[PDB]
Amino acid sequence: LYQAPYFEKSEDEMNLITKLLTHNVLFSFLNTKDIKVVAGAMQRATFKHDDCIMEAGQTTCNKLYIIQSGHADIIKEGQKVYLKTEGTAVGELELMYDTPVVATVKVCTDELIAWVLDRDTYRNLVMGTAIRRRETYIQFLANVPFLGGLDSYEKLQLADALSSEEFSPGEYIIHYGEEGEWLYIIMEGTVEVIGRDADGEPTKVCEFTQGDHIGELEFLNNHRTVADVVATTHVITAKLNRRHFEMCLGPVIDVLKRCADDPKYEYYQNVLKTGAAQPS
């Protein structure tokens, strides 16, 4: 029965805002209508350098801010600890765990333009099962090797955008020569990567299993997929959409780019030097 506030926006505002939402993991699993209601309930909020959007200990905030342009530091006990850039959010932690502001947010650029959501609209139309989704993945993600370089906060950020994807033996996870919109982290089962050799014929490259990742090549290097990935067993994966890849795997991209060196990626090395793929 909840009806949200509405503040009319120009056609470019709704467009701009809707884009920030579909790339911020707080809103990953909202349908199209609820994405728009949310964009109408947002409000502009501009800040200047050294301005504080919130302060450690504050109880008077209770708002979620999505950054449009500009940066802002996270300061916990006098120490800067995190830089918040465009597309990111401050305030979600207080809204999800109902506690006073834990850290101070200090604009470190000449201006900061935010879009601000009220607690009532977030808890009723966004949050959903956020805490349970976090319970589903964090212990797993904490044990996934290539995620070593995310801190607890970043793993939770990733868990907020994850959903569970199962595959039947022999079903395609990824098809050769397609755009590809998901990275997969195997939780259970085994997969085979089926490339194409010089005459264009199927060739098996390797297998992958629990804790391995597939999908990232095309996101690192902006080409269509260069292999099939097929389940050899019943497979369970957690999956991350392409629009969330950079916002969430940012601090580990460089582990991913060791695809240039690892010999399991020798197939792909040879594909890259002969230029055998198109952008997507």
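Residues carry their position along the shown sequence, with the first being 1.
Review point. Which of the two stretches, 265-273 or 6-14, shows the higher mean Cα temperature factor in the record?
Key: On average, C-alpha B-factors are higher across 6-14.
Practice item. Please work out which of 68-76 and 139-147 has the higher mean CA B-factor as recorded in the PDB entry. Key: Mean B over CA atoms: larger for 68-76.
Check your understanding: Per the entry, which of 49, 44, 33, 223 tops the list for Cα B factor?
Key -> Checking the PDB record, the top C-alpha B-factor among 49, 44, 33, 223 is at 49.
Practice item. Using the entry's values, work out which of 210, 104, 157, 168 has the largest Cα B factor. Key: Reading the PDB entry, the winner on C-alpha B-factor is 104.
Review point. When the modelled residues of the chain are sorted by Cα temperature factor, does residue 81 land in the lowest, middle or highest third?
Key: According to the entry, residue 81 has a C-alpha B-factor in the chain's middle third.
Practice item. Pull the Cα B-factor of residue 244 out of the PDB entry and bin it into the chain's lowest, middle or highest third. Key: Its C-alpha B-factor belongs to the middle third of this chain's values.
Exercise for review: Report the third (lowest, middle or highest) to which the CA temperature factor of residue 25 belongs, ranking only the modelled residues of the same chain.
Suggested key: According to the entry, residue 25 has a C-alpha B-factor in the chain's lowest third.
Practice item. Select lowest, middle or highest to describe the third in which the CA B-factor of residue 93 falls within its chain in this entry. Key: CA B-factor rank for residue 93: middle third.
Check your understanding: Taking the C-alpha B-factors as the PDB entry records them, is residue 111 in the lowest, middle or highest third of its chain?
Key -> CA B-factor rank for residue 111: highest third.
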